[PDB]
Amino acid sequence: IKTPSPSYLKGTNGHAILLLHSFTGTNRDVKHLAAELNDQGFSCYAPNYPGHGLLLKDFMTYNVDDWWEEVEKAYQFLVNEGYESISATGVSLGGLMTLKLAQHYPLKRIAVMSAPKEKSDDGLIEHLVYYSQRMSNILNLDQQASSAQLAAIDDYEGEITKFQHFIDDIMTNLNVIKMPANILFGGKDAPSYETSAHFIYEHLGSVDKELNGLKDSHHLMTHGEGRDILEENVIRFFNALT
Ligand SMILES: [Cl-]
Ligand SMILES: [Mg+2]
Ligand SMILES: [Mg+2]
């Protein structure tokens, strides 16, 4: 049980793309999309947020400051490798990280999948419970081990509040994002993600921006139904760099 190492695909076209994963996910959320972009010539870097991949109690000793710091380090890695063209994409939390990156750095373009404009305490807790349940079954943890992981959720309340403020701060400042942008959501995701996507699209400062609601995509747009259409759309968007 460990947090995965980052995934760096070297390409040939001189353009680099950061790919950022979901809350409680890992970079396996973006593996296929990264590889497909690299097959088109891009360099791709998919970091893993600290804490992710660990059992729930350990996971909850990291927070949004740690996850953002890793994103900053990933961007700096690409700068230090010599890339002059750096772009970003991500799903859910990774979409939020992409927007925050765009507020900090001269990204060439961004593609944001399934970003929320707010999250409730109950919604975040439910995601932690699902993560803990899935981890325990994969690891075949016994009754007592699995039960203790869920016991620790109450002490994460302050970090949930921090996560909510992190979202709010990004959403308040979308007007500062001005590079070309592609905002995507899935028609088989909850309605709130369509509402969120419209809000994000409308508040971006970018002159060149598009909104794509893909009817057969689910929340994790990179996986499952609709994936070929999602990838075609995202790859076409980044191919405008070439
Ligand atoms: Cl999220
Ligand atoms: Mg292919
Ligand atoms: Mg609609």
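Residues numbered from 1 in each chain as written, not as in the entry; some residues may be left out. Chains lettered and ligands numbered in written order. Heavy atoms only, no water.

For this entry, the PDB record names X-ray crystallography as the structure determination method and reports a resolution of 1.14 Å.

Colleague: I'm lost on the UniProt feature "domain: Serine aminopeptidase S33" (unreviewed entry) in the chain in this one. Help?
Modeller: Annotation from UniProt places "domain: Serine aminopeptidase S33" (unreviewed entry) at residues 16–123. Span residues 16–123 is 43% helix and 19% strand, its end C-alpha atoms 33 Å apart. (UniProt positions renumbered as here; feature names shortened; annotations may be inferred. Helix = DSSP H or I, 4+ residues; strand = E, 2+ residues; numbered from the N terminus.)

Colleague: Hey, could you run me through the pattern of salt bridges in this one?
Modeller: Side chains bearing opposite charge may pair, as long as their charged atoms lie close to each other. Enumeration over the complete set of coordinates arrives at nine salt bridges. In this structure, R227 and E231 form a salt bridge, with 3.8 Å as the shortest nitrogen-oxygen distance. Note that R227 and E231 are positioned in helix 9 (residues 227–239) at a spacing of four residues, about one turn of the helix. For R227, a relative accessible area of 28% puts it in the partly exposed group. A salt bridge links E232 to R236, with the nearest nitrogen and oxygen atoms 2.7 Å apart. Taken together, the residues span about one helical turn, with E232 and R236 both in helix 9 at a distance of four residues. Judged by its relative accessible area of 48%, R236 falls in the partly exposed class. (Salt bridge = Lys/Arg side-chain N within 4 Å of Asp/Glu carboxyl O. Buried < 20%, exposed > 50% of the residue type's maximum accessible area, 1.4 Å probe, protein only.)

Colleague: Can you help me understand the packing of helix 5 (residues 121–139) against helix 7 (residues 157–172) in this one?
Modeller: Two quantities define a packed helix pair, namely the angle between the axes and the distance from one axis to the other. The interhelical angle for the contact between helix 5 and helix 7, taken along N-to-C directions, is 115 degrees, at an axis separation of 10 Å. By crossing handedness, the relation of helix 5 to helix 7 is classed as right-handed. Counting all contacts with helix 5, which are made through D121, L124 and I125, the residues of helix 7 involved are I160, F163 and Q164. A class-by-class count of the residues in the contact of helix 5 with helix 7 yields four nonpolar, one polar and one charged. (Axes fitted to C-alpha atoms, helices over the stretch in contact; angles between N-to-C directions. Left-handed = near helix turned anticlockwise from the far one by under 90°. Contact = heavy atoms within 4.5 Å. Nonpolar A, V, L, I, M, F, W, Y, C, P; charged D, E, K, R; others polar.)

Colleague: I keep staring at the environment of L54 and nothing clicks. Help me out?
Modeller: By the element assignment, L54 lies in the loop between strand 3 (43–46) and helix 2 (56–59). The exposure class of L54 is buried, given its relative accessible area of 13%. Expressed as a C-alpha distance, the spacing of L54 and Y131, which sit 77 residues apart in the sequence, is 9.9 Å. Dropping the residues within four chain positions of it, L54 is found in contact with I1, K2, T3, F59, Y62, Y131 and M135.

Colleague: Teacher, can you tell me more about the packing of helix 3 (residues 64–81) against helix 7 here?
Modeller: Between helix 3 and helix 7, the least distance of the axes is 9 Å, while the angle of their chain directions is 50 degrees. Here helix 7 runs oblique to helix 3, going by the angle between their axes. Facing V64, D65, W67 and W68 of helix 3, the residues of helix 7 in contact are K162, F163 and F166. (Parallel < 35°, antiparallel > 145°, perpendicular 65-115°, else oblique.)

Colleague: Help me out: how do you make sense of the UniProt feature "active site" (unreviewed entry) in the chain in this one?
Modeller: Under the UniProt annotation, the feature "active site" (unreviewed entry) is placed at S92, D189 and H219. Spanning 128 residues, the annotated positions come together in the fold, the maximum distance between their C-alpha atoms being 11.4 Å. In this fold, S92 is placed in the loop between strand 4 (85–91) and helix 4 (93–104). For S92, the contacting residues outside a window of four places in its chain are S22, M113, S114, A115, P116, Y193 and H219. Tracing the backbone shows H219 in the loop between strand 7 (209–214) and helix 9.

Colleague: Sorry, what's going on with the sheet that holds strand 5 (residues 110–113) here?
Modeller: In a beta sheet, neighbouring strands are held together by backbone hydrogen bonds and run either parallel or antiparallel to one another. As summarised here, the arrangement of the seven strands in space is 1-3-2-4-5-6-7, forming an open sheet in which the pairing is mixed. Single-partner strands in this sheet number two, and they are strand 1 (7–9) and strand 7. Sheet twist, expressed as the mean angle between neighbouring strand axes with direction ignored, is 15 degrees. Two strands pair when backbone bridges link them, and strand 2 (residues 15–20) and strand 4 are joined in this way by six bridges, in the parallel orientation. Counted as the bridge partner of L19 is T89 from strand 4. Contacting strand 2, strand 4 and strand 5, helix 4 crosses the sheet at an angle of about 150 degrees to strand 4. Against the sheet, helix 9 engages strand 2, strand 4, strand 5, strand 6 (181–186) and strand 7, with an angle of about 175 degrees to strand 6. (Pairing = 2+ DSSP bridges.)

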